[PDB]
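One chain comes next, on its own, written out as structure tokens in the form deposited in one PDB entry.
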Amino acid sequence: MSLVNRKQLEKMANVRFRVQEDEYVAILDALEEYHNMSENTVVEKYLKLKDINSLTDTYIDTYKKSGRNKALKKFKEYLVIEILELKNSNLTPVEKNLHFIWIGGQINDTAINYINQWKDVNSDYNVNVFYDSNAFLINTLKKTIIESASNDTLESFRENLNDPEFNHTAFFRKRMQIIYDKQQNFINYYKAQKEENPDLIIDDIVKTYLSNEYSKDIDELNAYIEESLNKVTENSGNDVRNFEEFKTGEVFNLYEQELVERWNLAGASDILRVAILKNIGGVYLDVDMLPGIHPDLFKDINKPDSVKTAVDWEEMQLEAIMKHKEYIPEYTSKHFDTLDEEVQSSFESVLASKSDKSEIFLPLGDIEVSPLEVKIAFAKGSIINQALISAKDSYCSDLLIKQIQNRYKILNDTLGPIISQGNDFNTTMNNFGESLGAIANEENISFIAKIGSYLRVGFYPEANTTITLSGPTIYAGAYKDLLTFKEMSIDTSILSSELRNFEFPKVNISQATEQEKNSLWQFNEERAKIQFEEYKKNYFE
């Protein structure tokens, strides 16, 4: 009923005195098949639209000047709309799992307190806090090697402190050269030790490395491992090392590349959350996300004129909830406190009148979704993978897996052999840049330009490569894939007009939280310059 039938397409693409070509009848037969697939899965109907589209391209490619092409190109558009009609019309229950991830170190009390808000008002959801029991020391290894590399760099600035050369850019660049040397020293140590004794777990190699090379005490380390393991298990800990579909899957080596080699826990977590959606299904949430505020809680308080965006208004309300209900101790109030007396009292009045936390934060209840799709959060009108919904084994969850494989294949195939010739950071980067230029074309040049900062990720201002390799960009890839009947699209040019079809409902989340503004993996120019003055002031004063 949504898509044209055979007779409609036949009159659409009618050409007088022209033979019905075999490639044309193949489209008609396939479209007739599609309208009799009453009994089939959503995924089988989608695969059929893929065939129809593919047969239509074959026709257009065979008879490049055919009078039918204008109607077949409009038929192709109708296929894309029919993806969305198929998506919207056949919903399936979302598994009642809230999935969070905290890996690489001990879960913080602040993460717990956010998770508790979700747990408290979703008593019909199972809560998972995914952690890696083999890798509690990655955050200590990263912090130690960055501290060591900073110390070395600040000392090398001994008596050039007030020169113009020795600014924040000079610091982070020379510290990055030292980090690369150190990071490779560890990576080559991990690779050698794993090869020799494959029964070694990551933390066994990391703690030996920290005591050998950085004179850390193996007993504080062992006590930290014990403390960290007990804290997550007390708080819905779900060990990655018991995740068998993940461990024997296509991308587990990429997860360990980010975890062990890159010390990019956000990158590792980007990959794990795809395996979570594909193999288990449910709702994924970054630990800095809070539940959707009950739409009726503050209906009687007018947004003051001083508050000029929805983000600022949500932040006011979250701060108001936390100041008066104190659900999350130490939750800031610096924004709420600037509101007028009359408005502050209005928030206090409404919050004092509520007793049930489920009247403050909105329970998710029953969620349903297309078996085709992963839903994704929006921030400032662009997608962000900090919140996802997928039924187990969704078509998109598989497209996301292929996105990660292809992107890391281009990256690892290109940068790996350059890293292996054992030159320093600057030599490695210039050679990497030249290797990237040699494989660039119009289709992939955007991607190619965005992965040059890979070795800087976590250590240097505006190193945003993770977005491109494992984060929001793979979802733009997978949505483009679904809507163009393609796979592993590397040109992720797509309009929000299409992406809004996959939006995580704004009503089921609060993104404007205190922790969301403090990214754990990247930092901008201003943060780097603030870091530099504190690094210097501490090293000397």
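We number the residues from 1 along the sequence you see.
Beyond the structure shown, there is the form deposited with a partner chain bound, which is absent from this document and is the topic of what follows.
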Kindly confirm or deny that 23, 26 and 63 each have some heavy atom within 4.5 angstroms of its partner chain in the deposited bound form. yes
Of the residues 42, 55, 49, 483, which one places a heavy atom within 4.5 Å of its partner chain in the deposited bound form? 55
Proximity of residue 487 to its partner chain in the deposited bound form, heavy atoms at 4.5 Å: no
